[PDB]
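# Residue-level structure breakdown
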Amino acid sequence: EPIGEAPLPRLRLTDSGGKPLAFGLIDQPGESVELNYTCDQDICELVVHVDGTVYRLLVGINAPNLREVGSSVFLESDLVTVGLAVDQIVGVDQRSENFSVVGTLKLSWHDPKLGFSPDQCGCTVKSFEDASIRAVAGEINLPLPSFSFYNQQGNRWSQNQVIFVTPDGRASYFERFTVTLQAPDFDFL
Amino acid sequence: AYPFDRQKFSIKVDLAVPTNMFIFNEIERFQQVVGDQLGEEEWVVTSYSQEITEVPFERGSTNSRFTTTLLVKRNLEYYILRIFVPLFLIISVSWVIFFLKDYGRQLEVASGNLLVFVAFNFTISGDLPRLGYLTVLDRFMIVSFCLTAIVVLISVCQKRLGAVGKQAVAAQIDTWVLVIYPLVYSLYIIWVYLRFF
């Protein structure tokens, strides 16, 4: 239902692969749209498309009389938490307009995959380092974030990389780097 | 034409496989070719271009190529301030002392200017390759070098010539160097206006 004076957008429920399963049929009032589907397969992974190529959208599960923020969430998570800190300022080069820092990075997010029982290892946290990290997820084929220092010139000497995994799914990625960046707002007036 | 020149820079991307296996077909700009801020205030971009050609290799193999070109120009605020201002002042005063009839002092200032210029000669050469020809800035300094070693000749001739008593030649010839010195540089500038502007 639009907040106010906003045209009705297109909606469509398909499969995570891409095949469509259901469509939304609007009524005479025009202030809301309706879409209904009931699964009959062993796994039902669903995606909600909202097409407009602000607005309010409601999603429910097993909610007869949904008319008139539940107990739990009903959408997955790919939200990444970030954090950066500065430890040193190695130098400043006025004439070439760049500077260097030595810092540390923290990326952490939630994934229902990559979980593990405490029986496979007898342990509670698993650790990977250096280039073995590239030798994990490809077999599992689950997407990882990949960052990039946008305004970096040259190479980035990172001396340590580590990711800790907790059975429920939480993974925290740390990094320690030394990089040279560009400063384009130097004003000598 | 240094330092009044506008050079061009190229980026060439080439394929490592023959034409029959791959080629380049179309040029697509998914982003702005030249970003708004780049640094390097000394050079300023005025245009750009992209094109695709075909270059030969080996004996019967050719590969694609894709060229990006940038056209640039040089700012003149640094050069006008470190070189052109100190050089104009030293030449002007070495011409205004000519009003004083204290001879030999004319030699003393002109001798010192010989020492200064060889310093300005090494300074300018500091940031250029060991070139094989003549720039513009190199011609200007050659003219001032040769001209100033001629006024010392006149001053040493004037000093001896006034010992005999023939000051009439000395005073009359003194005014001659009062017009040749400021006229010549104006002549040289005109010869530079036509060849570049």
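The structure we're discussing is the one just above.
## Side note on the overall build of chain B
Each helix and strand counted, chain B has five helices and three strands in total. Counting helices and strands in the order they occur from the N terminus, chain B gives β-β-β-α-α-α-α-α. At 28 Å, chain B has a C-alpha radius of gyration far larger than the 16 Å of a compact globule built from 197 residues. Overall, the C-alpha framework of chain B stretches about 95 × 40 × 30 Å when taken along its three principal axes. Here the contacts in chain B between residues at least 6 apart in sequence split such that 74% fall between residues at least 24 apart.

## Overview of the nonpolar core
By size, the foremost hydrophobic cluster in this structure holds 18 residues, and its most contacted members are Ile-83, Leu-87, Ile-91, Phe-117, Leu-137, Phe-140 and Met-141 of chain B. Secondary-structure elements contributing two or more residues to this core are α2 (84-96), α3 (105-124), α4 (137-164) and α5 (167-196) of chain B. Per-element accounting of this core gives the leading share, five residues, to α4 of chain B. Residues contacting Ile-83 of chain B, with those up to four places away along its chain left out, are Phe-120, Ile-124 and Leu-137 of chain B. Formed by 13 residues, the second largest nonpolar core is a distinct cluster that contains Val-101, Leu-107, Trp-109 and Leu-181 of chain A.

## Some thoughts on empty space enclosed by the protein
All names here are of chain B. Taken as a whole, the largest cavity spans an internal volume of roughly 90 Å³. Together, 13 residues line the largest cavity, and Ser-94, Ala-110, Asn-113, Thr-148 and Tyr-181 are the ones closest to its centre. Elements supplying a minimum of two residues to the lining of the largest cavity: α2, α3, α4 and α5. Examining the composition of the lining of the largest cavity, we find that five residues originate from one element, α3, more than from any other. Looking at the lining of the largest cavity residue by residue, the classes come out as eight nonpolar, five polar and no charged.

## What to know about the state of the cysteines
Residue and element names in this part refer to chain A. Applying the stated criterion across every chain yields a total of two disulfides over all chains. Disulfide pairing is shown between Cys-39 and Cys-44; the S-S distance is 2.0 Å. Residues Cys-39 and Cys-44 are joined through a disulfide that is left-handed, its torsion about the S-S bond being -85°. Accessibility expressed as a relative area gives 37% for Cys-44, which makes it partly exposed.

## Re the packing of α3 of chain B against α4 of chain B
Residue and element names in this part refer to chain B. Closest axis-to-axis distance for the α3/α4 pair is 9 Å, and the angle between their directions is 160°. In terms of axis orientation, α3 runs roughly antiparallel to α4. α4 is crossed by α3, and the crossing has left-handed handedness. Residues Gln-106, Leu-107, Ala-110, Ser-111, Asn-113, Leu-114, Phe-117, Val-118, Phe-120, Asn-121 and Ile-124 of α3 touch α4, and the partners they reach there are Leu-137, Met-141, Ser-144, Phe-145, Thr-148, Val-151, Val-152, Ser-155, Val-156 and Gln-158.

Definitions and limits used
Residues numbered from 1 in each chain as written, not as in the entry; some residues may be left out. Chains lettered and ligands numbered in written order. Part of a larger assembly, values for the part shown. Heavy atoms only, no water. Residues with missing side-chain atoms left out of burial classes, pairs and counts. Helix = DSSP H or I, 4+ residues; strand = E, 2+ residues; numbered from the N terminus. Rg over C-alpha atoms; globule rule 2.2 N^0.38 Å. Contact = heavy atoms within 4.5 Å. Core = buried A, V, L, I, M, F, W, Y, C linked by side-chain atoms within 4.5 Å. Buried < 20%, exposed > 50% of the residue type's maximum accessible area, 1.4 Å probe, protein only. 1 Å grid on protein atoms, 1.4 Å probe; cavity = no way out; pocket = protein on both sides within 12 Å on 5 of 7 lines; lining within 4 Å. Points joined across faces, edges and corners; volume = space filled by probe spheres on them. Nonpolar A, V, L, I, M, F, W, Y, C, P; charged D, E, K, R; others polar. Disulfide = S-S within 2.5 Å. Axes fitted to C-alpha atoms, helices over the stretch in contact; angles between N-to-C directions. Parallel < 35°, antiparallel > 145°, perpendicular 65-115°, else oblique. Left-handed = near helix turned anticlockwise from the far one by under 90°.

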